[PDB]
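Trainee: Protein chains in written order, with the authors' numbering: chain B7, 1 to 67, 72 to 92, 115 to 174, 184 to 384, 408 to 427; chain CM, 1 to 426; chain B8, 1 to 37, 49 to 440; chain 1, 686 to 698, 700 to 726, 736 to 825, 831 to 841; chain 8, 7 to 49. The structure that follows is given in the form of C-alpha cells.
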Amino acid sequence: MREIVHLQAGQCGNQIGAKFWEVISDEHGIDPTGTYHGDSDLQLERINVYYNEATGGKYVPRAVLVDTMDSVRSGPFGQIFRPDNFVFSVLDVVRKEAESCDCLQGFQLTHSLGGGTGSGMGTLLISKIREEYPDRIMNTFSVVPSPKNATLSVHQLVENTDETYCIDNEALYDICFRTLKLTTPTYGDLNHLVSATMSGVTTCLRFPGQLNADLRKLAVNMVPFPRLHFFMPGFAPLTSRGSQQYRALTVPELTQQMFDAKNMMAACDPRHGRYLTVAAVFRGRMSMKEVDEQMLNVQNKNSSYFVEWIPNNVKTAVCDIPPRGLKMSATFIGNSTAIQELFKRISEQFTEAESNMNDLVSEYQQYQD
Amino acid sequence: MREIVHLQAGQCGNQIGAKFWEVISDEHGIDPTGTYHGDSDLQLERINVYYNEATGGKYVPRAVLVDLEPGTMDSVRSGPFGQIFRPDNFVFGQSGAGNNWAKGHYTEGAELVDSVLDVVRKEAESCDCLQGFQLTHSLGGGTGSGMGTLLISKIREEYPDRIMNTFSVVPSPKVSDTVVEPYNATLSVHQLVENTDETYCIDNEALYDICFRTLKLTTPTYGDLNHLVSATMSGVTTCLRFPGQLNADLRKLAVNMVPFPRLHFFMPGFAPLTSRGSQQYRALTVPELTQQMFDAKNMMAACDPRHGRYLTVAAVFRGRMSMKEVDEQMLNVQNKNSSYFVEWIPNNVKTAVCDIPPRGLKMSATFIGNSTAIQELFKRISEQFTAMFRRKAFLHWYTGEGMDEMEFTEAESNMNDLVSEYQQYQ
Amino acid sequence: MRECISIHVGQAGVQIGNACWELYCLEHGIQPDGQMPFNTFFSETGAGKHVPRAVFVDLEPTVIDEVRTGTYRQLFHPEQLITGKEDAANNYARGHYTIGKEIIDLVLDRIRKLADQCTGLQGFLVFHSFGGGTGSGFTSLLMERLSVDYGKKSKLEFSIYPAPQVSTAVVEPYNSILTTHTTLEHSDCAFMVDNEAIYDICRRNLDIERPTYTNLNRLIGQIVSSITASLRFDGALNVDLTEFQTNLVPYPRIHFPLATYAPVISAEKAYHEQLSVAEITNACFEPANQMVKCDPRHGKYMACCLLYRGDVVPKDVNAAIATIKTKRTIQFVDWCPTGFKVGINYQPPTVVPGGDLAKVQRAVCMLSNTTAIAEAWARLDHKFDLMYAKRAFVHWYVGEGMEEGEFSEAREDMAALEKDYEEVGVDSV
Amino acid sequence: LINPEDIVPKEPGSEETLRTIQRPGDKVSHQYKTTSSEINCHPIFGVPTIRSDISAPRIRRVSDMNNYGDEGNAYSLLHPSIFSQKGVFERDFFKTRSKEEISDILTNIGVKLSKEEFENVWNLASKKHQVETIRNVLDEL
Amino acid sequence: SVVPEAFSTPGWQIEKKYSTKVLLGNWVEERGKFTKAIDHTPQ
C-alpha cells in the first residue's frame with residue numbers, strides 16, 4: 001500500500017504539476033469542483049494513494065504549492085485544492123499530511139535544475155524531508171538547462196533523491212517538429228507531454244495490472260550502485276493527424292516507437308549510449324508472448340549497444356488499464372551511458411562540488427569500461 | 001408461579017433495561033401494543049413470570065422505572081416499546097439527580113419510601129407467588145448509587161429470605177466520563193457486600209472490546225452495546241421460564257457458586273459471538289461455543305482471568321442439544337487447565353439445559369463466573385482513592401449535604417478486607 | 001479423506017489458483033458460490060455451502076482484491092484471503108525478512124485451524140515459482156515453519172522453473188539459489204515447469220498463434236487435477252500421496268521431476284485421427300510434447316510415473332509399455348530395471364467450457380524423473396557467477412538485512428547439487 | 686415528480703442516497719473490463744473401446760482383430776446358458792422375426808395362447824421395445 | 007499470554023474513516039449487512 005506527497009516547487013514545476021493533477025483527475029473521473037463520477041468501480045479503489053476526501057463527495061489532493073499561484077487557481081482545476089497550505115511552515119504542512127497518512131512510500135516534487143527557486147529551494151526542501159522520513163522514495167521530476184547553478188544544486192540531491200529525470204526542452208522541441216508535425220510548440224503542450232509521462236508510471240500504484248511493480252521495486256531493479264540514478268523517459272504511440280490511418284497498432288509496432296531514437300526525451304546519442312536498465316511500461320489489453328518475444332528480439336538485434344556483462348538488459352511492465360482514448364500505449368524509460376555529455380557541458384560551463415561532478419563523470423567512464 | 005421483579009433505576013437502568021424488556025418481548029412474541037401474536041403455545045403458559053394480565057389479552061410488564069430527574073422517562077416512552085410499560089410505575093422527580101450519591105442516598109433517602117417502596121409492596125404482594133429481587137444500578141452516577149442502592153438495603157430489610165441479583169455497572173479508567181468516580185462507586189461497594197448475594201460486574205471498555213474483536217462493527221453505539229448485556233439478562237432465567245432437560249433456578253445457581261458468605265462477586269459472559277461477515281462459515285455446535293466461552297476476550301468484566309484462579313464456574317444452555325459432549329468438554333477444561341482452577345474443591349463447573357433456542361439462533365450458553373481476579377477491578381478503584389484523598393480535593397461537595405468524613409474512611413477500610421479474602425485463598 | 005492444504009502464494013501462483021478452483025468446481029456439481037444442487052479439497056457447511064481448503068496469501072493487494080470482487084468471491088473463507096501492506100519488490104530480504112516476518116504468526120494459526128478441521132490429512136499443495144521476493148523467498152518461509160511443526164508429511168509444490176532462454180526478472184538468480192538452500196532440507200516433491208515450451212506446444216499441436224497467460228493456467232491446471240484424481244476418484248491402480256516419496260526420489264536430493272500431458276489437441280485434428288492406448292503413451296516420449304524446455308534425447312530416464320485417466324484397459328497399457336522400452340532411441344539407467352509405474356482411474360479427462368481442447372476419451376499424464384535437467388543447472392549458476400563477481404545488484408539485498416556471508420554459502424550448495432548428478436550417473440561395475 | 690429509484694450509499698451491505707449521474711462521454715464501464723476480472736452439450740469424438748456403434752459383420756475374416764463384443768465375459772463362457780450351449784445367441788434373440796415366425800413359435804414351444812392374448816403380447820412387446833421382448837412381456841404380464 | 011489478532015479489529019487507536027466503497031481497513035464486515043431469519047418457535 002503505497003503513498004505519495006506531491007509538492008510543486010518553483011515556477012516550471014508549478015505549471016507541470018498543475019497538468020499532473022488535471023491528468024490524474026480526468027483518468028479517475030472527478031469533476032473539477034470535486035464530485036466523483038463512478039462509471040466503473042476501478043476508479044475509486046485506490047484513490048487513497050494520491051487523495052484524501054471530504055464530506056459530500058468532494059475530494060482534495062495531497063499536494064502543497066510552495067515557491072503564479074493565483075494564476076494556477078484561476079486555471080482549469082484550481083478549485084480542488086486546500087487553501088490552507090498555499091505556503092509562501116513547510117515542515118508543519120509536510121508532517122501534517124504525512125502524519126495523517128498511514129504507511130508512506132514516496133514523494134512527487136516538481137522542480138528544475140537551472141534557476142533560483144527550483145534548485146536551491148528544491149535542495150533545501152529535499153534535505154528537510156529526508157531528515158524527517160528516511161525510508162521513502164523521492165521522485166523529483168526536474169528540468170536541467172540545455173547543453174547548448185546546477186553544480187551548486189545537485190551535490191546534495193544525488194545523495195538524497197535518486198529519482199530525477201533530466202533531459203529537456205531542445206529534445207521536446209525536436210520531437211514536436213519531427214514526429215508529430217506539430218507546427219506551434221506551446222508551453223502547455225510540453226507540460227501536457229511531461230505530465231502524461233508522469234502518469235504512465237503511476238498505474239502500478241493505482242490499478243491492478245498484470246506484472247505489478249511498485250516504486251521500491253523499481254528502485255531495486257534500476258539502480259545498481261548508489262550514485263547512478265539519472266533516468267531517461269519517453270512515450271511511444273504518438274503520431275500526427277494524417278499518419279494514424281497509415282500506421283497499425285500492435286506490440287511489435289509500439290516496440291519500434293518506444294525504441295525509436297527520435298521519440299525519446301533525449302537530445303542525446305544512443306549510438307554512443309549503452310542502457311544499463313530499461314523498463315517498458317505498457318498499458319492496455321495485450322498478449323504477453325508478443326511482449327516478451329519483442330523484448331528479447333529487440334535486445335537480440337543489438338548485442339553491443341545494450342550493455343555487455345549483463346544477461347537481461349531490459350525489463351517489461353504491463354497494466355490492464357490503458358490511457359484515455361488510445362487502446363494501448365507504452366512508456367519507455369532507460370539508464371544509459373548517453374547522459375554524461377550534459378554533465379561534461381554543464382561542468383565545462408563550490409570547487410569541491412565541481413570535483414564531485416568530475417567524480418560522477420569518471421564513475422560512468424570506469425563502469426562503461 | 002415463580003415471578004421475577006426487576007428494579008430499573010437511573011439514567012443507566014432505564015436505557016439498559018430498555019433493551020432488556022425487548023428480548024423478553026420477542027422470545028414471548030409480544031407486540032408493542034400489548035397483545036400476543038404467535039402460533040407456538042409453549043411461550044404463553046409461562047408468560048406470568050414477566051407479564052401480568054388485564055382485560056382484552058393485554059400484557060404489561062412487572063416493572064419499576066424510577067429516577068430523580070424527569071430526564072430519561074421522556075426517552076424510554078420515546079422508544080418503540082414505550083406503550084408496553086406501565087403508566088403509574090414511572091416514579092418521577094421534578095428536580096435533578098446531579099451526579100452525586102449524597103443527594104439521592106440521604107437527602108432523597110426519606111423520599112424513596114413513598115416513591116419506590118409503596119409501589120413495590122403494592123405490586124410484589126399482589127402476585128400469586130414470588131421469587132426474588134433483581135436491580136440494575138450504575139455505580140458511578142447519582143440515581144443508581146443514590147435512590148437505587150439504598151432500596152437494595154430497604155426491601156432486603158423487609159424480606160430477608162429472597163435472592164438479590166445485581167447486574168452492576170462498575171466503571172473503568174480508560175473510557176471515562178466523570179472525574180469523581182472514586183466518590184460515587186467506592187461509596188457503594190461497601191453496601192453491596194452485606195445486602196447482595198449474587199453480584200455481577202459489567203464494564204464499558206470490555207463491552208466495546210467485544211464489538212471490536214468479535215462483531216467487527218467499527219462505530220458501535222450504546223444500543224449495540226446494550227444487547228450484549230440484554231441477551232445475558234434474559235439468558236440466565238432460561239429454565240424458570242421454559243421446559244427442557246435439566247432445569248435450574250436462582251437458588252440452584254447460588255448454592256454451586258457461593259462457597260463463602262463474602263466470596264460472592266461474579267463476572268459474566270455470553271457464548272455464541274461471531275462477526276458480521278462470516279455468519280454461515282462457522283458451525284455453531286457444542287465444542288465451538290465452549291471455546292468461545294472460556295477465553296479472556298469474551299468475558300464482559302474488563303479483567304484478565306488468567307492471573308486469578310476460578311474458585312467456581314457456572315453456565316447455562318438452550319437449544320435442542322445432546323448432553324454427552326456438553327458434559328465432556330467441561331471435563332477436559334477442568335482437567336487440562338488445572339493451573340487456572342483452585343485445588344481443594346473437587347468440582348467447579350455447573351451446567352443447566354433448556355429446550356428452546358433464542359430468536360434467530362440454534363444454541364446459546366450464558367456464562368457466570370466467580371473468579372478471584374475481580375480484585376483487579378477493586379484495586380484500581382482504591383488505587384486512585386487515597387491518591388486523591390491526600391489532597392482532599394473534591395471533598396467540599398460532600399460535607400454540605402449530610403455525610404461525614406468518618407464514613408468515608410470506613411468504606412475503603414472494608415474494601416481492602418474484601419480483597420484480603422480473595423488474595424488469601426488464591 | 002486423503003486431504004491436502006492448497007496455498008497459493010505470490011503472483012505467479014494465484015492466477016493458476018483461479019484456474020485451479022475453476023477445474024475442481026466444474027468437475028463436481030459445486031457452483032461458484034459453493035452450493036451443490049469432493050472431500051479432498053472441500054469443507055462443507057450444513058447450510059448448503061461448500062468451502063475449499065485454500066489460503067491465498069500474498070503481499071500484493073490487487074490480485075487478491077480482484078478475487079474478492081471477482082465471480083468466485085462467494086467461495087473461500089474471507090479471513091483466508093490474507094494481504095499485507097507493501098510488495099516484496101522481488102527482493103529476498105523484503106519477502107522473507109522485513110515484510111514477510113510480519114505475517115507468519117497469522118499463517119501459523121491458519122494452517123493449524125484447517126488441519127484441526129481435517130481428519131486424514133496427507134500433506135500440502137503450495138504454488139509458487141523460483142524468482143520472486145514474494146514468490147521464491149517467501150515460500151521458504153512457509154516451508155521451514157511447517158516441518159518444525161508438521162514434519163513428516165507429503166509436500167507437493169508446483170514451481171515455475173526459470174527458463175533457459177527467456178525471463179522477465181533481472182535480479183532473479185540471487186535468491187533462486189537461496190530458495191534451494193532450505194527446500195533441499197524440507198521439500199519432498201517440488202515439481203517444476205518452464206513456460207517456454209508451452210509457448211511452443213501451442214504453436215505446433217494446438218493451432219494457436221498469439222497465446223495469452225490464461226491458456227497456460229489451464230494446462231498447468233490439468234496436471235494438478237491429474238495427480239489429485241486418485242484422492243477423489245477410486246481407480247483400478249491407485250497411487251496415493253505417501254507413495255510418491257518411495258517411487259520417485261532415489262537419494263535425498265534428487266527430488267526434482269518434470270511433467271507433461273500428451274493429447275493436447277484441438278477439435279479439427281482429433282476428429283481426423285483416433286487415440287488408442289498404445290499411441291498416447293508414444294506421444295509422451297516424443298521431444299515435441301514435453302511441457303518443460305529440455306531435449307530428452309541427451310537424458311536417460313530414471314523413473315516415469317505414467318498417470319492414465321479415462322477409458323483404458325490394463326492389457327492395452329502393458330502391450331504399449333514393452334513396445335516403448337525396446338526402442339533404441341530413449342535410454343535409461345542400468346541400476347533401475349524396474350523403471351515405470353502406472354496409474355489407471357475411471358474418471359475421464361475433464362474439459363473447461365469455452366476452451367480450446369477437444370473431447371478426448373483418453374488422456375495421460377507422465378511425470379518423468381529424468382537425467383537431462385542437470386545441464387539446465389549448468390546455466391543457473393553460470394548466470395549467478397557473473398553478477399556476483401562485480402558485486403552487481405547486491406546494494407539492495409544488503410539494504411534489508413541480508414549480507415555477503417550467505418551468497419557464496421549458497422553457491423557451493425548449488426555447486427554440490429550439480430555434483431550429485433555425477434556420483435549417481437557414473438555406473439558401478 | 687421524482688424517480689421511483691433511490692439507491693443505498695455505503696459500499697458495505700445503508701441509509702438512502704440519490705443515484706449519482708454519469709456524465710456523457712465519461713462512461714468507462716463498457717471499455718475498462720479487465721480480462722482477469724472477466725476470468726473472475737457437444738458431440739463426442741474418437742472410437743469406443745467396444746465398437747458397438749458399427750454393425751457387426753456376418754461372416755468374420757480371419758484378420759478380424761477389432762472389438763465387437765459378441766464374445767461375452769469369461770464367466771458367461773465358463774457357466775453358459777443352454778442357448779449358448781446349444782449355439783443360439785443374443786443376435787438371434789434380438790433379430791426381427793415375423794408374425795408367422797412368432798405364431799409358429801407359440802404353439803410349438805409348449806404355450807397355448809389366445810389370439811387376443813397374442814395381439815396383446817405383440818402390443819406389449821412393441822411398447823417395451825424402443831424373443832427377449834416377447835418372453836419378458838409374457839413373464840411380466 | 008496474549009492471543010493473536012488480525013488487521014483492524016479494536017480501533018482503540020484513532021483512525022481516519024472512509025465510506026466503505028473505498029477498499030480500506032475493515033471494509034468487508036461493514037459491507038455485509040447482518041442477516042437473520044426465523045420461521046417459528048420449535049417444539
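Don't be surprised by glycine CBs; every beta carbon is placed ideally from N, CA and C.
What's the C-alpha gap between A185 (chain CM) and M73 (chain CM)?
Mentor: Straight-line Cα distance between these residues: approximately 24 Å.
Trainee: Note down, in chain order, each residue of its chain lying with its Cβ closer than 8 Å to the Cβ of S188 (chain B7), except the 5 sequence neighbours on either side.
Mentor: Taken in chain order, the residues that qualify are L139, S145, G146, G148 and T149.
Trainee: Pick out the complete beta strand (DSSP E) segments inside the segment 159-231 of chain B8, 3 residues or longer, and give them in chain order.
Mentor: The segment 159-231 of chain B8 contains these whole beta strand (DSSP E) runs: 165-171 and 200-204.
Trainee: Kindly indicate if chain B8 contains any beta-carbon less than 9 Å away from that of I739 (chain 1).
Mentor: Interface residue, yes.
Trainee: In this structure, what does DSSP give as the bridge partners for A9 (chain CM)?
Mentor: Answer is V66 (chain CM), bridged to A9 (chain CM).
Trainee: Is there a C-beta anywhere in chain 8 that falls below 9 Å from the one on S382 (chain CM)?
Mentor: Chain 8 contact via Cβ: absent.
Trainee: At the 9 Å Cβ level, is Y36 (chain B7) part of the contact set with chain 1, yes or no?
Mentor: Yes, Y36 (chain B7) counts as interfacial toward chain 1.
Trainee: Do we get a CB-CB distance below 9 Å when we pair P364 (chain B8) with the residues of chain 1?
Mentor: Chain 1 contact via Cβ: present.
Trainee: Between the C-alpha atoms of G244 (chain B7) and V313 (chain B7), what's the straight-line distance to the nearest angstrom?
Mentor: Looking at the two C-alpha atoms, the distance is approximately 19 Å.
Trainee: Quick check on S7 (chain 8) - is its C-beta less than 9 Å from some C-beta in chain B7?
Mentor: Output row for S7 (chain 8): interface = no.
Trainee: When you compare only the Cα positions, how much space is there between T366 (chain CM) and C239 (chain CM)?
Mentor: Approximately 12 Å between the Cα atoms of the pair.
Trainee: Quick one: grab the DSSP three-state call for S115 (chain CM).
Mentor: Of the three classes helix, strand and coil, the one that applies to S115 (chain CM) here is helix, per DSSP.
Trainee: Assess contact between the segment 329-339 of chain CM and the segment 17-29 of chain 8, defined as three or more Cβ pairs (one per stretch) separated by less than 8 Å. Is contact present?
Mentor: Taking 8 Å as the limit for Cβ pairs, the verdict is that the segment 17-29 of chain 8 does not touch the segment 329-339 of chain CM.
Trainee: CB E696 (chain 1) to CB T47 (chain 8), shorter than 9 Å?
Mentor: No, they are not a contact pair.
Trainee: Closer than 8 Å between beta carbons: that is the criterion. Which residues of the segment 68-87 of chain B8 meet it against chain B7?
Mentor: The segment 68-87 of chain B8 vs chain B7, Cβ under 8 Å: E71, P72, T73, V74, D76, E77 and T80.
Trainee: Assign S40 (chain CM) to one of two classes, buried (16 or more other C-beta atoms within 10 Å of its C-beta) or exposed (fewer than that).
Mentor: Looking at its Cβ environment, which holds fewer than 16 other Cβ atoms inside 10 Å, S40 (chain CM) is exposed.
Trainee: Would you say the segment 52-72 of chain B8 touches the segment 88-101 of chain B8, given that touching needs at least three Cβ pairs under 8 Å?
Mentor: Touching, yes.
Trainee: Residues of the segment 206-222 of chain CM in Cβ contact with chain 8 at a cutoff of 9 Å, in chain order, please.
Mentor: Cβ contacts with chain 8 come from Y208, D209, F212, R213, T214, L215, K216, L217, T218 and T219.
Trainee: If contact is defined by three or more beta carbon pairs under 8 Å, each pair taking one atom from either stretch, is the segment 101-112 of chain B8 in contact with the segment 141-150 of chain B8?
Mentor: Contact between the segment 141-150 of chain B8 and the segment 101-112 of chain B8 is present, because at least three Cβ pairs lie under 8 Å.
Trainee: When the Cα atoms are used, what is the spatial distance from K19 (chain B7) to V180 (chain CM)?
Mentor: Cα-Cα distance, rounded: 58 Å.
Trainee: So which of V405 (chain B8), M377 (chain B8), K336 (chain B8) and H8 (chain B8) has the shortest CA-CA distance to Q301 (chain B8)?
Mentor: Out of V405 (chain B8), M377 (chain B8), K336 (chain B8) and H8 (chain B8), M377 (chain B8) has the C-alpha closest to the C-alpha of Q301 (chain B8).
Trainee: Helix, strand or coil for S779 (chain 1) per DSSP?
Mentor: The answer is helix: DSSP assigns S779 (chain 1) an H, G or I state.
Trainee: Is the distance from the Cβ of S165 (chain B8) to the Cβ of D116 (chain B8) below 9 Å?
Mentor: No, the pair does not count as a contact, with Cβ atoms beyond the cut-off.
Trainee: Using a Cβ cut-off of 9 Å (strictly closer), state whether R709 (chain 1) contacts chain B7.
Mentor: With 9 Å as the cut-off, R709 (chain 1) counts as an interface residue toward chain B7.
Trainee: Since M363 (chain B7) and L273 (chain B7) are thought to touch, with beta carbons under 8 Å apart, how far apart are those beta carbons, to the nearest angstrom?
Mentor: Contact doesn't hold; Cβ gap of about 13 Å is too wide.
Trainee: Go ahead and pull the three-state DSSP assignment for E376 (chain CM).
Mentor: Three-state DSSP puts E376 (chain CM) in a helix.
Trainee: So, using beta-carbon positions, are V353 (chain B7) and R318 (chain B7) closer together than 9 Å?
Mentor: Yes.
Trainee: What does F265 (chain CM) pair with, by DSSP beta-bridge criteria?
Mentor: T199 (chain CM), per the DSSP bridge assignment.
Trainee: Could you name the residues of chain 1 that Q256 (chain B8) contacts, counting a contact when the two beta carbons are closer than 9 Å?
Mentor: The contacting residues do not exist; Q256 (chain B8) stays about 34 Å from chain 1 at best.
Trainee: Is the beta carbon of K58 (chain CM) sitting closer than 9 Å to the one on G34 (chain CM)?
Mentor: Yes, they are a contact pair.
Trainee: Could I get the ranges of all uninterrupted alpha helix (DSSP H) runs contained in the segment 353-417 of chain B8, with 4 residues as the minimum, in chain order?
Mentor: Complete alpha helix (DSSP H) runs here, min 4: 389-400 and 405-408.
Trainee: Considering only the beta carbon of each residue, do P32 (chain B8) and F53 (chain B8) sit closer than 9 Å?
Mentor: Result no, Cβ atoms of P32 (chain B8) and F53 (chain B8) do not sit closer than 9 Å.
Trainee: Can you list, in chain order, the residues of its chain with a C-beta nearer than 7 Å to that of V333 (chain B7)? Leave out the 5 residues immediately preceding and following it.
Mentor: Taken in chain order, the residues that qualify are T290 and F294.
Trainee: Short check: CB of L248 (chain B8) to CB of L167 (chain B8), under 9 Å?
Mentor: No, the Cβ-Cβ distance between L248 (chain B8) and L167 (chain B8) is not below 9 Å.
Trainee: For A400 (chain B8), count neighbouring Cβ atoms within 10 angstroms of its own Cβ and tell me buried if that reaches 16, exposed if not.
Mentor: By the neighbour-count rule (16 or more Cβ atoms within 10 Å), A400 (chain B8) is not buried but exposed.
Trainee: Is there a C-beta anywhere in chain 8 that falls below 9 Å from the one on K695 (chain 1)?
Mentor: Closer than 9 Å to some Cβ of chain 8, the Cβ of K695 (chain 1) qualifies, so yes.
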